[PDB]
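Residue-level listing of the chains:
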Amino acid sequence: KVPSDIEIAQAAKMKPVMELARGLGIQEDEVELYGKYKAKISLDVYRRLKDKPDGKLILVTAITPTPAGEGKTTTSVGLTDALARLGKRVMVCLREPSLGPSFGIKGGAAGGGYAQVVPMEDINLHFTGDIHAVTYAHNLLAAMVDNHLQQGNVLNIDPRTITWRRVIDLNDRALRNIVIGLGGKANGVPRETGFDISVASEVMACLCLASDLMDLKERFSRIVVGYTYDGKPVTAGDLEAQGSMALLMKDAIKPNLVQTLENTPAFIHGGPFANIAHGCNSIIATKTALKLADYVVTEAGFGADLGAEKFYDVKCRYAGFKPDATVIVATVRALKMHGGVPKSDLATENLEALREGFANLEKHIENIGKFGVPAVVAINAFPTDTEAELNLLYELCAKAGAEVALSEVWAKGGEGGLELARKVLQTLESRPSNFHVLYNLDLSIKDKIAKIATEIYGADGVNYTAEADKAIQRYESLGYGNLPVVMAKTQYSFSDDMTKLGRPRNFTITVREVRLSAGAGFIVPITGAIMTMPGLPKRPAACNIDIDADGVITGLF
Amino acid sequence: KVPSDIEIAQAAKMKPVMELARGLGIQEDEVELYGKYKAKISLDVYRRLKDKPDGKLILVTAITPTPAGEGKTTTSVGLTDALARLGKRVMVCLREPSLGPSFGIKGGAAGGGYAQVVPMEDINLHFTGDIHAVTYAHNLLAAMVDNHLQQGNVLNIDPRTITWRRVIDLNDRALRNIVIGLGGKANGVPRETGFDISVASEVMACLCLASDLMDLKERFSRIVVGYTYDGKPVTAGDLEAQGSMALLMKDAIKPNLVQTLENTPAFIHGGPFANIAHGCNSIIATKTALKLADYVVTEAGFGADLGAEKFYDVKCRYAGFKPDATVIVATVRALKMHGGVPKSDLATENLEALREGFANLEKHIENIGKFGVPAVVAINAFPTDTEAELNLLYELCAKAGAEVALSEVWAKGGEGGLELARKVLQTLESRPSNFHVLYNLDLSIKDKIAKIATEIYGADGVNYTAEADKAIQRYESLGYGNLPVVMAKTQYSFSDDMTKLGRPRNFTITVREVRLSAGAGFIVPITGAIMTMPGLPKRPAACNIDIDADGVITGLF
Amino acid sequence: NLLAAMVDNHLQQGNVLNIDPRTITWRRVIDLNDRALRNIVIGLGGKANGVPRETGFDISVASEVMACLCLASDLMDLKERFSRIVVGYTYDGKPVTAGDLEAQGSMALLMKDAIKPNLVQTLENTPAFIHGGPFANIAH
């Protein structure tokens, strides 16, 4: 049988999200429809269920990404289906994807196979407009910065230091580096700047970490946009922009309820970068699903070393959350690559390479342990996976000493994860959690990076360029020394060197630069150029995308 | 006595729009809700009612705009309400406002006082997302032009001839003139360009003039983006972008149902410029309205010399409409300015300056008669007008052969529009229109500009600069010389000089530049500097805007 | 600066050598200390005014032409050296030289007196030559 993910999405029998909401005891007037199959949930649903028991919190993370793929989100939705099959009160919370990729390398299912959140096509495009709202809040601050300079530069901004760029949610490399403000005294003040993809915006990071709209407003007011000629930070707060930015985000601050193909209730809300930001869906979604369900399944971008760590160290930290379980997803095709197998050679089994690659997963496993969180492993199964392999790895997890199940959610739906699901419940009943942040907000910036590189990535140590030192010194000195640290580095290695697969030892990490998100409330060490505006390829999906007299869309997926 | 606009609109008791829809004979599955009080309606309505007769079509326009204000949209909504009170089955169709002005000069009612369409807050902000859709269709085409240059430039476009700019829906003067594609070979091709405000987008003009989604796609394929090194035009179609643009507009193509404060149904859809475009809401909303209702009230931007002329000569020409009557809104104060009274002295009675400024209203009344449409004058009441002023103005209207009514819809809602509405009904009953457009498309471009300039503006003739001559000569030989012409000129005068108020004589107009909108399907001759991207003022409304814990918004209106 | 003018004219006149303007390494010079000329963008104004590209000025004594003067054996060797200067690369990554642009004869003509060393003297009248004056970091 030849099934494609879009066909599965279309054939799905979606339920009115209205009744979905009714059954979680969301009231009528706390729902805000967009069509039959999407809605926004009011912040009142948490403000009322304020003191209700929080359900259980299950983080889904994964091993180190590879060109092979690991299906973190697929198994994350599959596990959600399973729990509801086994009759529990369960929502999955996921990230909203950027619109841009649909016109570049194609859009995809939220999840995969038979473990999707739907309706897929809306999720991939405008959805309920939250990224437009982010784009506008971000770009109005920029317009206002620029208007300030033109109106006499009362705050004495040095235009050449402005760090606030603009955004748009298309992949447009011609906007990476531009000069604006040309054409004369009527037309603004010439300066050098650029655009990043909207999901990279600090506004998107604020959205995702705010508790409520007034909290969002205050974060905005703290954003540093640039410096006076004398070196003094100037903030969005100084430009009186935070009110208008909060008005623009009035609706985007509400989570979007949609659903699984088996009508299990999903929240999709927020979608930051996982390198220069924490890679999680909003705090507002997760804590709402907490009050509303017994079991909240959620995820973080990239491998356990970045997403998981950031989930724990910044998201839970701010939310007061204390996660109960964490699933680490892994595939045999991936761990083989970590064993040194070229991608064109995954057709054969290699039990020797799978023994080699495992060291990756094992490091991730240990890493979860360091947080006080009961691990559990999940193998994403696949056609070419052999039982010799699956057993090997299965026993290697046992030999490693953490819970493990196999998952066939891709091709089997929420049945393919019932085993995994019982594991997690196994784990939730018997193994509490002793969850604590990996470090304290009182250590110096270097101590914090130190602690992350040392325990998590397992570097021998950290070096700093000269301007990394100058920036750190300057931040300590400006008051921003007590913040969490968000490590921007390659996701493809524990180390900062993307060729280093498996579990590299002996290496050290190098901080080349350091940035500040004052509004998000974190410090951003960077270890390599980070790509914040990806470009379109030689033959973009856009060129084959079509929509006909009937509304039939081709080329999109 | 009368509340403010913002308080008026919050105290409004709105009906669920689904109720209004089923009231109109629209089926449930033709309706897509966005909350209880907005919906998008399917183009299937029009299609299944394609054979039904059209209702009566009433255009609302105004005298030449002045700093005194004329109150045109208030008159549209108030007339609509008065018609519903007289028992008529009536809809109003209106433009969506741009998001930008909310943050600069301040947003405002769609209407004013007791004549508004609601929900006001959403209408002014993201509404149902149409403008975000226009922004992204437009900016994706620009991204694809730039990617084409980057990927080897197979079409051999000369980057310096590219006319397709970018858009954003905020007032940002610093984006008027920019240089993009900097950073070296991996970052695009250096070129000079800029942003316009999104509602100025040709994509917005295409939305407003499309008959449906596939016609919109076709229009997209015809947009000229630049020329090759040999001077041949290059289109969106040559770049294969139209399918994607169409996909991005798949919901924006649907008109939006909302309502007046008295619950009369209202469509809001599209919102182009009135100088470089035709200044009307979409053909799609108007034509659907005409099937659903027996009377449809719509309006056009700027005074009757610009919006009414383009309503008749572009929008009616494309759609096959034949307007039945036209209401011209005037005020005592605006006419006194046209007769030489400075703004600071408009309260003082001045029958002689009113008699002189009336020549402005007299010329508009004559102009509407040249399209074969009977005209009724609506006088928006103002507290300081004297009886003798009103009485003189009525006698001058009757001497000019127009019916006239005092309108007090601002203060009294639909009840204040009853005399206006009955004069319109008496006109519809006893003077059927003999509608015809002003000019045949087969005239040369110059003969079309002269017809409009001499007959509508009262100009002696038209001069052209050398650049305007060459442009005209190129477009004629490229095959675009049979299109409608859309004059972009100041709205403050019949002439191209904004300080010639009243009915100026012995003047000539000077066309300085001619541009092409090949997708929207017209030629745009330009007289003075046209501001396609307005700037923020010294103190933007954005600095005063707040929203509190309650969701209470101050500073916005 | 004549070589730079000829590179830019080549782009303007149809770019027959197919230089990628963004790979061009030949900058301009002036012999004043002007930091504002370090990073610039030229060729703006539309199709009649050149090809937009990013470039800058160095101080004249940093010029490779200055290094060539100092290392030439005579005028014809200087002309030859000129013909070998790499100014940028084509879209395929092949180098493009002053020789491919046929500029070396003109450059040589402009240096026809500069190729001659200058006799002056010390305060005690001992004879002295003064001639050429390159950087000591990016040149010798």
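Residues numbered from 1 in each chain as written, not as in the entry; some residues may be left out. Chains lettered and ligands numbered in written order. Part of a larger assembly, values for the part shown. Heavy atoms only, no water.

Turning our eyes to something else, we now look at the UniProt feature "binding site: ATP" in chain A. All names here are of chain A. As annotated in UniProt, the feature "binding site: ATP" corresponds to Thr 66, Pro 67, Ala 68, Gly 69, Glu 70, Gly 71, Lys 72 and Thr 73 in the numbering used here. With respect to the helices and strands, the residue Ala 68 is situated in the loop between β3 (56-62) and α4 (72-85). Each residue touching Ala 68, except ones within four places of it in the same chain, is listed here: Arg 333, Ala 334, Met 337, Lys 343 and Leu 346. Of note, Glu 70 is situated in the loop between β3 and α4. Classification of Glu 70 as buried rests on a relative accessible area of 11%. Beyond its immediate sequence surroundings of up to four residues, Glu 70 is in contact with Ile 63, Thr 64, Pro 65, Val 329, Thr 331, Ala 334 and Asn 380. At a separation of 3.1 Å, a polar atom in the side chain of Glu 70 contacts the side chain of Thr 66. (UniProt positions renumbered as here; feature names shortened; annotations may be inferred. Helix = DSSP H or I, 4+ residues; strand = E, 2+ residues; numbered from the N terminus. Contact = heavy atoms within 4.5 Å. Buried < 20%, exposed > 50% of the residue type's maximum accessible area, 1.4 Å probe, protein only. Polar contact = N/O pair within 3.5 Å; in protein donor to acceptor, adjacent residues only side chain to side chain.)

All right, on to the interface of chain B and chain A then. Interface size, as often reported, equals the accessible area lost upon joining of the parts. Contact with chain B, which involves 68 residues of that partner, is made by 67 residues of chain A. Summed over both partners, the interface of chain B with chain A comes to about 5800 Å²; 63% of that surface belongs to carbon and sulfur atoms. Interface area lost by chain B to chain A is led by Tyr 136, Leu 247 and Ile 547 of chain B, which between them contribute 12%. With its nearest N and O atoms 3.0 Å apart, the salt bridge here joins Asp 546 of chain A to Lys 217 of chain B. The tally of links between chain B and chain A comes to 31 residue pairs in polar contact. Grouping the constituent residues of the side of chain B that touches chain A by class yields 37 nonpolar, 16 polar and 15 charged. (Buried area = accessible area lost by both parts, 1.4 Å probe. Salt bridge = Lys/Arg side-chain N within 4 Å of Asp/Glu carboxyl O. Nonpolar A, V, L, I, M, F, W, Y, C, P; charged D, E, K, R; others polar.)

The next thing to look at is the packing of aromatic side chains. Going through the model one piece at a time under the given rule, you end up with nine aromatic pairs over all chains. Centroid distance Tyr 312 of chain A to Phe 371 of chain A: 4.4 Å. Interplanar angle 40°. Geometry classified as tilted. Pair noted here: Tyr 312 of chain A is in helix α11 (residues 304-319) and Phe 371 of chain A is in the loop between α14 (359-369) and β17 (375-380), with a separation of 59 residues, a long-range link. Classification of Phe 371 of chain A by relative accessible area gives buried; the value is 2%. Aromatic pair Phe 311 of chain B and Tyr 312 of chain B: ring centres 5.9 Å apart, planes at 70°, arrangement edge-to-face. With relative accessibility at 0%, the residue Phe 311 of chain B sits in the buried group. By relative accessible area, which is 0% here, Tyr 312 of chain B ends up buried. Lying across the ring of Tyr 457 of chain A, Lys 489 of chain A places its NZ or CZ 4.8 Å from the centre. A cation sits over an aromatic face here: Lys 446 of chain B above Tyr 464 of chain B, 4.6 Å from the ring centre. (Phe/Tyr/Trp six-rings, centres within 6.5 Å; stacked < 30°, edge-to-face > 60°. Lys NZ or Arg CZ within 6 Å of the ring centre and 35° of its normal.)

The next point concerns the relation of the copies chain B and chain A. The operation relating the pair of chain copies consists of a rotation about an axis and a translation along that axis. When chain B is fitted onto chain A, the two copies agree to an RMSD of 0.5 Å after a turn of 179° and an axial shift of 0.1 Å. The transformation just described matches what one would write down for a two-fold rotation axis. For chain B, the minimum C-alpha distance to the rotation axis belongs to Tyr 34 of chain B and amounts to 2.2 Å. (Least-squares fit on C-alpha atoms.)

The next point concerns the nonpolar core. Counting 144 residues, the largest nonpolar core has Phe 103, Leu 141, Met 249 and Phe 522 of chain A together with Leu 141, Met 249 and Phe 522 of chain B as the members making the most contacts within it. When residues no more than four places from it in sequence are discounted, the contact partners of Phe 522 of chain A are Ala 205, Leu 209, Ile 276, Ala 277, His 278, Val 314, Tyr 318, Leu 483, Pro 484, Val 486, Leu 516 and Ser 517 of chain A. (Core = buried A, V, L, I, M, F, W, Y, C linked by side-chain atoms within 4.5 Å.)

On the chain B side, the residues contacting the 13 residues of chain C number 14 residues. Interface of chain C and chain B: buried area, both sides summed, is about 1000 Å²; carbon and sulfur atoms make up 60% of it. Applying the counting criterion to the chain C and chain B interface returns zero salt bridges. Summed over the shared surface of chain C and chain B, the result is eight residue pairs in polar contact. Tallied by class, the residues present in the side of chain C that touches chain B amount to four nonpolar, five polar and four charged.

Let us now look at unusual backbone geometry. Residue and element names in this part refer to chain A. For the bond running from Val 118 to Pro 119, omega is 5°, close enough to zero to count as cis. Of note, the phi angle at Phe 127 is positive, near 50°, even though the residue is not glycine. Structurally, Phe 127 is set in the loop between α5 (120-124) and α6 (130-150). The exposure class of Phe 127 is buried, given its relative accessible area of 8%. A positive phi angle, near 60°, is found at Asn 156, a position not held by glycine. Its location among the elements puts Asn 156 in the loop between α6 and β7 (166-168). Exposure remark for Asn 156: the relative accessible area of 35% places this residue in the partly exposed category.

On to the side chain of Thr 326 of chain B, then. Position of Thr 326 of chain B among the secondary structure elements: in strand β16 (residues 325-330). Residues contacting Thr 326 of chain B, with those up to four places away along its chain left out, are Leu 59, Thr 61, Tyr 312, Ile 368, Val 373, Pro 374, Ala 375 and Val 376 of chain B.

Residue and element names in this part refer to chain A. Applying the stated criterion to the full structure yields 58 salt bridges over all chains. With a shortest N-O distance of 3.6 Å, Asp 54 and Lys 291 are connected by a salt bridge. Remark: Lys 291 occurs in helix α10 (residues 283-292) and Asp 54 occurs in the loop between α3 (44-48) and β3; sequence separation between them is 237 residues. For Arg 317, the salt bridge goes to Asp 313, with nearest N and O atoms at 3.9 Å.

Before going further, it helps to spend a moment on the arrangement of the chains. A comparison of contact numbers over the two pairs of chains in contact places chains A and B at the top. No interface is formed between chain A and chain C, the nearest pair of C-alpha atoms being 10 Å apart.

What follows concerns helix α3 (residues 75-84) of chain C. All names here are of chain C. Looking only at α3, the buried set comprises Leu 78, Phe 82 and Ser 83. The buried residues of α3 occupy an angular sector of 145° when the element is viewed end-on, so they sit on one face. Along its buried surface, α3 packs onto α2 (64-71), β6 (95-97) and α4 (104-110). In this structure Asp 74 caps α3, since a side-chain oxygen of it lies 3.1 Å from the backbone nitrogen of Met 76. (Arc of directions from axis to C-beta.)

With the rule as written, the count across this model stands at five cavities of 30 Å³ or more. Considered as a void within the structure, the largest cavity measures approximately 50 Å³ in volume. Together, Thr 135, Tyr 136, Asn 139, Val 167, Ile 168 and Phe 195 of chain A together with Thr 135, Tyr 136, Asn 139, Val 167, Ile 168 and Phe 195 of chain B line the largest cavity. For the lining of the largest cavity, the secondary structure elements donating two or more residues are α6 and β7 of chain A together with α6 (130-150) and β7 (166-168) of chain B. Taken together, the residues that form the lining of the largest cavity break down as eight nonpolar, four polar and no charged. (1 Å grid on protein atoms, 1.4 Å probe; cavity = no way out; pocket = protein on both sides within 12 Å on 5 of 7 lines; lining within 4 Å. Points joined across faces, edges and corners; volume = space filled by probe spheres on them.)

Residue and element names in this part refer to chain A. The domain boundaries assigned to chain A delineate domain 1 (1-129 + 249-443), domain 2 (130-248) and domain 3 (444-533). Centre-to-centre, using C-alpha coordinates, domain 1 lies 33 Å away from domain 2. With 34 residues of domain 1 at the contact, the number on the domain 2 side is 29 residues. Together, the buried faces of domain 1 and domain 2 total about 2400 Å²; carbon and sulfur atoms form 66% of this surface. Looking only at domain 1, the three residues that lose the most surface to domain 2 are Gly 129, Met 249 and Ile 253, adding up to 28% of its buried area. Linking domain 1 with domain 2 are one salt bridge. (Domains from an automatic or database assignment.)

All names here are of chain A. In this model helix α19 (residues 466-478) runs 18 Å from its N-terminal to its C-terminal C-alpha over 13 residues, within 8% of the 18 Å that 1.5 Å per residue would give. Where α19 is concerned, the buried positions are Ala 468, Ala 471, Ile 472 and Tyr 475. One side of α19 holds all its buried residues, which, seen down the axis, span an arc of 100°. Seen from the open side of α19, the exposed residues pointing more than 90 degrees away from its buried face are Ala 466 and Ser 477. The inward-facing, buried residues of α19 contact β11 (224-227), α18 (445-457), β19 (462-464), β20 (509-511), β21 (513-517) and β22 (522-526). Two residues or fewer after α19 comes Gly 479, characterised by a positive phi angle close to 115°. (Expected span 1.5 Å × (residues − 1).)

So, on to the pairing of strand β14 (residues 265-268) of chain A. Residues and elements named next belong to chain A. Alternating positions in β14 separate into two faces, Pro 265 and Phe 267 on one and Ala 266 and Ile 268 on the other, with burial throughout. Across three bridges, the pairing between strand β4 (residues 90-94) and β14 is parallel. The partner of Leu 94 across the bridge, within β14, is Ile 268. The sheet contact formed by strand β13 (residues 256-260) and β14 spans four bridges and is antiparallel. Along β14, the bridge assignment pairs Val 258 with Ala 266. Connecting β13 to the antiparallel partner β14 that follows it, the hairpin turn spans four residues, and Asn 263 within it adopts a positive phi of roughly 60°. (Pairing = 2+ DSSP bridges.)

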